[PDB]
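# Fold and contact review
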Amino acid sequence: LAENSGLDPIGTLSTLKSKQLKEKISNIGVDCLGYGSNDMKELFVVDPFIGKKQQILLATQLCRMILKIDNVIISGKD
Amino acid sequence: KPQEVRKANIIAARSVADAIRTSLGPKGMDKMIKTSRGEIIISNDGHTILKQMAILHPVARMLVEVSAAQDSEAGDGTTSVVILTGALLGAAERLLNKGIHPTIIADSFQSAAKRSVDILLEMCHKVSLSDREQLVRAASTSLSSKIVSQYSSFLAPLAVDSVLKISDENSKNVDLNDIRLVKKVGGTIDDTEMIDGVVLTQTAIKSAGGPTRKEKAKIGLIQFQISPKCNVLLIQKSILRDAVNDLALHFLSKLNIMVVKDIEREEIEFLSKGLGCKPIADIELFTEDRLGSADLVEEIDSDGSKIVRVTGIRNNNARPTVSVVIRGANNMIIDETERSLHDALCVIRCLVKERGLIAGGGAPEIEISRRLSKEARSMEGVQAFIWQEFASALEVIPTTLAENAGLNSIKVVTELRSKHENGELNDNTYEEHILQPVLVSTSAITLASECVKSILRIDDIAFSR
Amino acid sequence: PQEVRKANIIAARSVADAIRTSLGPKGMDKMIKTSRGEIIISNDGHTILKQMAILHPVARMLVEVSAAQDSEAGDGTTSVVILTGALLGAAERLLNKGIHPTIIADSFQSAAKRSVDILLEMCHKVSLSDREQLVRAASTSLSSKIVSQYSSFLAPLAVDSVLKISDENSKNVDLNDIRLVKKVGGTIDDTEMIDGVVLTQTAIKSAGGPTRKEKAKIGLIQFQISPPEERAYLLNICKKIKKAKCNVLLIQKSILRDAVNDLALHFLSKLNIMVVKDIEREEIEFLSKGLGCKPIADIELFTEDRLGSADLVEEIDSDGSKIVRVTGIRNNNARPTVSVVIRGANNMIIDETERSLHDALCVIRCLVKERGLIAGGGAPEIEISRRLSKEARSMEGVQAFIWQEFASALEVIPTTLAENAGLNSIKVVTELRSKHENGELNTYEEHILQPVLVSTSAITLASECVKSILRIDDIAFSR
Amino acid sequence: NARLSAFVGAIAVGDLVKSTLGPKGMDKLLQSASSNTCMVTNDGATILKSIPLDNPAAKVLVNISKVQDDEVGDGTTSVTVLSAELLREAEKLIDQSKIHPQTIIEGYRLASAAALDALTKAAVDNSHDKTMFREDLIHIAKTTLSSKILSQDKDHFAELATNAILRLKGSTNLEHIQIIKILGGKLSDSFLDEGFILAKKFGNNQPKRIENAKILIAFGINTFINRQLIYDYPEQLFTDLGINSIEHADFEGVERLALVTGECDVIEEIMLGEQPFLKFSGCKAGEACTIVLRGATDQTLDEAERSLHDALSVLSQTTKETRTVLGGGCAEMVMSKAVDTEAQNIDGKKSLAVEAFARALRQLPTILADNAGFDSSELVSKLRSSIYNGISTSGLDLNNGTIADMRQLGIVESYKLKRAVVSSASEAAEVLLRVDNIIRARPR
Amino acid sequence: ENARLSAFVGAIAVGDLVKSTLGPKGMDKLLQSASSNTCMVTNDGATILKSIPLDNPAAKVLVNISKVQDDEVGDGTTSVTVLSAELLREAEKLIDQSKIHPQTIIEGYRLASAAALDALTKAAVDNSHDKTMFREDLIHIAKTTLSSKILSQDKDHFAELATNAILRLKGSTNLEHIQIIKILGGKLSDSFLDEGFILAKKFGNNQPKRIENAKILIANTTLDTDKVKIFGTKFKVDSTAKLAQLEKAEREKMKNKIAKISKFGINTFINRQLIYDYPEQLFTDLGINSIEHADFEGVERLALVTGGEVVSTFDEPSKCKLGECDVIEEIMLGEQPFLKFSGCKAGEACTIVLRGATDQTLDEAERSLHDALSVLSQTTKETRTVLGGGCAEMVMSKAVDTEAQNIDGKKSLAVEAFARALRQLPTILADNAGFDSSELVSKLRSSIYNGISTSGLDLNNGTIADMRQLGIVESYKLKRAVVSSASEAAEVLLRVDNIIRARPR
């Protein structure tokens, strides 16, 4: 998301970790819309917990299934 | 594409590090190299491999210069410094894909190398040169890697007592080139004479009239040759013409002047330092002020050697330069003994310049990678991500040691991070008498930061003649 | 983008230089062998460019320019191609100097308008009221044709034909309204004006046909008399025609069915209704103009108001001819037209005779739009260059150099006339410019004259042609 | 691979119509496989629709040009060229300028607001002295008729389109003006008629002149109108009853009659171009006009149809918006100053993106000077120095070759036309900058 | 076209070799030989260019140009090649988009380079503060040079004259502002210093010895005895008197030029040759003073201190650049007539009159004085610095944009492109240091554009910071040396239309 927003992906990632550690524990993400600072929590942008949890479960289940196929058998055409 | 040309040199540099990677450690794999002249040599020493490899790649030759400085400064780790250099090059490959300029990559290595040394000094146990029990056990373990084992008990105090005389205090770098290992045919290992004053490489006059011994003599260095208050003189060896005429031997015999001719040209620079004298090219400029000071000069032959020894130079500018004499029967004895005691002097040299010692076997590389991973959150920006990749690049040294020893690669590495959490430097290599000086681990990281820097700073190469 | 224009100019210059050898009666003839095996030989520029099947897209525009050259002026189809290529050849050095074609194109349009006023001041002013110069103009133009002694009587017939349709301010008059009907038999000495109208075919040769009728009505009918008891079906067809008192039936020629049944011939014989069949499709639009009638598709569309009037409709008796003539159309709304019948024994006579009268009517029509004539033979081409020599010094900027190259391209036409005649090219041109200090237009004593519209249209069409050639900077495939 | 094909492929689209922009522009020729369909026309919409393109990114500009043609019908070439110049400069903004692609999008968004503000401050309208407003409609009509064959008689055609719009006084709908094209006569013989000339007659044989007629679209009516044909017997029965029946009335003709009438005073039948015509007279507050153009050939009329329809569509929008701006390269020059003005305070990554839009505004008048035979870099730079600091009046002259005032030469443009070009062209460029990849499904 | 491509693409390819080596954080390059065992690594820009053999005949010209910077100064040689290569990048964009002779564009560089040097002067600072410590060091060094020289008789008097001949200048240090008068029959210790420009061999006979509010005009003409060599020309005359009458008719046309002298509003005229009595007599009625024996040297030194110009012809009356002096006094010293000028407009100069006992002591005193003044005046242009950190590089960029306001039509793009090359220096420094050149330079130009901008390039924090707080300065002599060398380097390459391939070795 930082590469699509015109920001340094490494610099922003390291910045988000410093704001959530030395300052205080909170949720501060990459800015999808133009703004002048961090802490999108003020903008009241929320995502469903069941929606985000469903993504990490399907991504983990898919990654395990990919590792369970070590061979690709593709038959020819008649 | 100036960066893609450099990436081609990085891949070629990592290929050289992978070849040396199999030779790390005493259990490492040997490398067979066939020279163009037809000579076939093989060994596990990384310094001898890169020297005879005859690398034509311009950037890959930097590993040879670092390996030469690794043996000249620390004396150990010439193989590990090449592997550590290739790790930073592989970690920088992913950095270039993220759009990171190599200057930040090279500048962050300076702060990473200086931080790794300060962290290493915290876990290092500081030792002092006044303790002679620590230096004997340190040099004795380095002699266990050679065929000579039971005879190395008398060789341990030989290398310790020679350095302690020239160590003094705050000497910083101590050159081991002033310490000469004399290899003569005959004798045994248990027969050794320190002769702290100096030891020559040559015999005395075997003709008639030669005194072969003199008391209260002044030894000068004369590069001239006599051919168609100086008690002892030296004549440079020249095979072209005659060195010293037979008539000149009878002339100086009546004057009670000891003559030693056929002096090797390699020892001319060595004798001009320890003796504190100056070379005399012409007799017109030859004076007494360029001579030396010797209380007694005699020729003592244990068996067949017929070697002359000098003691009590007593020079203010010159220091007590000590030359070690090594005796043995077969040629392979004094040879392998020379390289074994040379590595023992390098380990002692590391303790003189930098006090303290650590336990080898990849123990500090595990904890440093753990501390830098947690301290990486204290930074910000692109430099913060470099600390994470720099910590992972330090784990290649302990991983390779586990691979070359037959043990499971990933299994042993996980056991290192697990045991080093509760204890500190306890994993046990101290019970196994494995001690690696701190200067070797310090110079290996310092030279790697400068080696990788000199690589990435080359953006192109062109024909220049 | 210059590679597209330079490729088209060189390709068009080779076509203009190829037609250049065909200028004049003594010029070189070009041969074209069609894929079907037909080979034609002639010096006509309009025929060569039409049968050449040029694949080059820009070079095909010369056919449209040559088409308008014969349609408007009627002469100079070869000269307009030479003048077009002369400007293209001079434009090659213009692009080498870094001149954009817009200035090149805009300067040709301004130079063509000024060249017209120069020719009008040097032209001899004549009027249509004087028939002395009108007869001598068409008589000398036929010296290049088979007709020689009989051409003296053909000149006044063409003069009186144009003067009726010329009027004064009518200016351009359509040449399609003049129909020349050629037929085998007879001779050239026998001519009839017949200002009412003339058809292209004969009348019914069967038994019962009157072939002649007095005081009859003429109208266009697209219907056809055919069987579907059959005499009862044909009786209602002839009865509806009798209701409007139409004694002249014109049926459009069609190969589908016949024209008039033989049973209907006996019905129309008692009613004295003349029938003329085999009317060509080209004459359908012609008869709808001069006669003022309307084409009638069905029998219900047939009305009396769409029928004309004819004094006497008769079939003239002649050897192998039998031409039907109509006089006194008596229509105030429809203007009269001229239809001349051409007769002769050989088929090759009535053919070239029709084409010879085409060039005679065009030159006379040139005087209708713009009066006056300029003696040919390179006189108008050189006279313009003489005036543009001192005028080029009065200009300023890039256009000043264009006036010098424009007059140089005009010298190609008189140079080709000297080459095709065997005389030295440069030597003859220098002799004309040498006497220019004394004589001006002087060819007058040789009875060789040319209308002003030919020289005017040749410059105007060539100026717009070359203007449109430089406008194409790219060639793309769009389907 | 996709970005290289989308950028170069879109420039090739603008390179086809680059010669069709401006009154001094040139005509493009096309040839199909049959080779007999070749036609010479400068219409930008005809060139884009006829030429097939396998580039999927190039098809986006084709559909966008169709939307621009429906609103006005002209200036479609300037929209494609301006969209191509933004993509040509975007290649330098990405590779060597180190700029994020979304930043280029946000750069044009901030630059578009500065271009619209420059046209607003330069828009001057005169409500008083309608005679001066009528002259502005004359100058605008001269710019719409440019690039077309009608430019010859355009001096006479200037008062034809200007006086026609003044007779509406109502909705901007163009259904009031009906275009009739008849062969014969010079182009200058065209006239303006409010009598609603009809191209079809009525009845088989019926009186030509009708007085006090009552128009009824389908009672006591003197005139009957039917959409379909008429059977034979009632056509004769309607004559005896005094009812005149009209036939061959299409959907377009019915909508034009609903905007006029019903009853009418006089229906007169005239003969022009060898065909019966019907000129109505004495309608009730007629808002409709009829323009009859006389061409030489069918090819001249076919090009004159859309030429007049596009000219009247722009003049119809001038009734709602009376503000006008100076054209002929002057409009694009004023907007170029507002872009560099807002560039004083700007971020690092957006600076080069917005400054590239300023040079793209000068690329449109650059091509205008190319087809005019003059030097673009020489003439535009001399005008840019005068427009740089104050005293902005004069603009590029395509005839004499010097710097002259557009107000004195009678060259002006409508404010509504320019704001639509800057808008649609900006939205057209943002779509192609977003697409870095194209995936096409397997066809059947 | 390949001639310019070899002079551009061939030079840029060679210029990009040392381009990445600019600055301490710049890149490095390896130089490989045939045997490959003799190679070396260095960051020197002049070493890489001279060591690499280049078959490009246009690249060999750049090597000889870079040698001028080494012999004249010897510092910043790499920056000269990098800046000269960036000028070719902008010149290539101006040519390919034009294809007109670059000599017209070269004239735009000269007008733009003049505005760049003026912007560096207004913002220039100096370490000359506390001149009291600098004056005490200047008199001590001057006495050291007097060793082995005949001037060593008295060190205090001679070093004091050289001290007041430098610090009192407040301007150009060229020796043309210091006039040396050498006379016989005097003592060296009796020498004095005068701020006026002193001549000898006083002009005129009946002319007055004092002139108030004098104007200076420079011209070259012979008003006395024209037609030097009359031998060889055919003379056809009835009498001998007609020969002298011809010379009067030729000098009669000079009256119009004499009338133009009075139209200039000047009271004094200067001529190198002599003047006959009749045109000199008219100078009295018109109030014209005739100065003779002005030679050439003394004319150039007088025109610079008085703010005038020199011309040998009259192009048009009431158009010229004139100097002035308030008081002209005629005195006599050393048995020779002298002239004294005073009251010049913005006059800055001095005159050292040395009294020797022979001609050998006079020549050795003037040559030894110039060597002493050259070393002391060398510190005037030395140690003087300007605000660095990319500021002065951007100050020259916005100064060219000021020239882009009033400019010709064809010179608008030529001058504007010169400001783009000046902004390429921070672009290269940002890439070699590992930063973003698009973000830093753009934000740097927006701040410096209008007013109150002390900001500059800060490589420690990777952002734009004030250089005056960090104390980042660069020498002013390095600024003028690189710009003047790069301007001349671009002229040598652009003035060559066709380049013949050099002989391969």
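Residues numbered from 1 in each chain as written, not as in the entry; some residues may be left out. Chains lettered and ligands numbered in written order. Part of a larger assembly, values for the part shown. Heavy atoms only, no water.

As deposited, the entry is annotated with cryo-EM as its determination method and 4.45 Å as its resolution.

Looking at the PDB entry, one finds chain D named T-complex protein 1 subunit beta and attributed to Saccharomyces cerevisiae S288c. For this structure, the PDB entry title reads "TRiC at 0.05 mM ADP-AlFx, Conformation 2, 0.05-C2". The Subunit (literature references left out) field of the UniProt record for chain D holds the comment "Heterooligomeric complex of about 850 to 900 kDa that forms two stacked rings, 12 to 16 nm in diameter (By similarity). Interacts with PLP2; this interaction leads to inhibition of CCT complex mediated actin folding." Taken verbatim from the UniProt record of chain D, the Subcellular location comment is "Cytoplasm". (UniProt positions renumbered as here; feature names shortened; annotations may be inferred.)

Going by the PDB entry, chain C carries the name T-complex protein 1 subunit delta and comes from Saccharomyces cerevisiae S288c. Taken verbatim from the UniProt record of chain C, the Function comment is "Molecular chaperone; assists the folding of proteins upon ATP hydrolysis. Known to play a role, in vitro, in the folding of actin and tubulin. In yeast may play a role in mitotic spindle formation." Looking at chain C in UniProt, the text filed under Subcellular location is "Cytoplasm".

Moving on to the overall build of chain D. Helices and strands together make up the secondary structure of chain D, namely 16 helices and 15 strands. With the C-alpha coordinates of chain D rotated into their principal frame, the extents come out at 85 × 65 × 40 Å. Among the 444 residues that make up chain D, the fraction classed as buried is 49%. A total accessible area of about 22400 Å² is found for chain D, and carbon and sulfur atoms account for 50% of it. Charge centroids of chain D, computed over 49 positive and 59 negative side chains, lie 4 Å from each other. (Helix = DSSP H or I, 4+ residues; strand = E, 2+ residues; numbered from the N terminus. Buried < 20%, exposed > 50% of the residue type's maximum accessible area, 1.4 Å probe, protein only. Areas by Shrake-Rupley, 256 points an atom, 1.4 Å probe, with all protein chains shown as cover. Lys, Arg positive; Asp, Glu negative; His and termini not counted. Charge placed at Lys NZ, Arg CZ, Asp CG, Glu CD.)

What follows deals with a positive patch on the surface. A cluster of basic residues, D:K92, D:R359, E:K93 and E:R420, forms a positive patch at the surface. Position of E:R420 relative to the elements: it lies in helix α14 (residues 411-422). With relative accessibility at 30%, the residue E:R420 sits in the partly exposed group. (Patch = residues over 30% accessible without salt bridge, like charges linked within 9 Å, V, L, I, M, F, W, Y side chains within 5 Å. Salt bridge = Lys/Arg side-chain N within 4 Å of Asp/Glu carboxyl O.)

It is worth spelling out the pattern of salt bridges at this point. All chains considered together, the criterion is met by 83 salt bridges over all chains. The closest approach of N and O atoms between B:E73 and B:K353, which form a salt bridge, is 3.7 Å. Here B:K353 falls in the partly exposed class, since its relative accessible area comes to 44%. For E:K182, the salt bridge identified is with E:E366, shortest N-O distance 3.1 Å. Of this pair, E:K182 sits in strand β3 (residues 178-184) while E:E366 sits in helix α12 (residues 359-378), and the two are 184 residues apart along the sequence. Its relative accessible area of 21% is what places E:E366 among the partly exposed residues. Through salt bridges with shared partners, a single ionic network connects C:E192, C:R212, C:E314 and C:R325.

Tallying each qualifying case throughout the model produces 0 disulfides over all chains. Free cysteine B:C124: the closest other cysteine sulfur is in B:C350, separated by 12 Å. For the unlinked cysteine C:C123, the closest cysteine sulfur is that of C:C366, found at 12 Å. (Disulfide = S-S within 2.5 Å.)

The next thing to look at is the domain arrangement of chain D. Residues and elements named next belong to chain D. Domain assignment breaks chain D into domain 1 (1-125 + 322-444) and domain 2 (126-202 + 277-321). Each of domain 1 and domain 2 has a C-alpha centre, and these two points are 29 Å apart. On the side of domain 2, 22 residues touch domain 1, which itself brings 24 residues to the contact. Of the roughly 2100 Å² buried between domain 1 and domain 2, counting both surfaces, carbon and sulfur atoms make up 45%. (Domains from an automatic or database assignment. Contact = heavy atoms within 4.5 Å. Buried area = accessible area lost by both parts, 1.4 Å probe.)

It is worth spelling out the pairing of strand β10 (residues 323-327) of chain C at this point. Residue and element names in this part refer to chain C. Bridge analysis of strand β4 (residues 197-198) against β10 gives 2 bridges, and the strand direction is antiparallel. Within β10, the position partnered with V198 by the bridge is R325. Both strand β9 (residues 310-316) and β10 contribute to a ladder of 5 bridges, which runs antiparallel. Looking across to β10, one finds that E315 is bridged to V324. (Pairing = 2+ DSSP bridges.)

As a further point, take the interface of chain E and chain B. Counting residues at the interface gives 24 residues for chain E and 20 residues for chain B. Looking at the side of chain E facing chain B, the largest losses of area belong to E:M27, E:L30 and E:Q32, adding up to 33% of the total buried there. One salt bridge in this structure joins E:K29 and B:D460, with 3.9 Å as the shortest N-O distance. Our count for the chain E to chain B interface comes out at 12 residue pairs in polar contact. (Polar contact = N/O pair within 3.5 Å; in protein donor to acceptor, adjacent residues only side chain to side chain.)

To continue, consider the sheet that holds strand β14 (residues 475-477) of chain C. Judged by pairing direction, the sheet is mixed, and its 3 strands sit side by side in the order β14(C)-β1(D)-β2(D) without closing on themselves. This sheet does not close on itself; its edge strands, each paired only once, are β14 of chain C together with β2 (39-41) of chain D. Put simply, the sheet's adjacent strands are angled 30° from each other on average, direction ignored. Summarising the sheet, β14(C) and strand β1 (residues 28-31) of chain D pair through 3 bridges and their orientation is parallel. Its bridge partner being in β1(D), C:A476 is matched across the sheet by D:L30. (Axes fitted to C-alpha atoms, helices over the stretch in contact; angles between N-to-C directions.)

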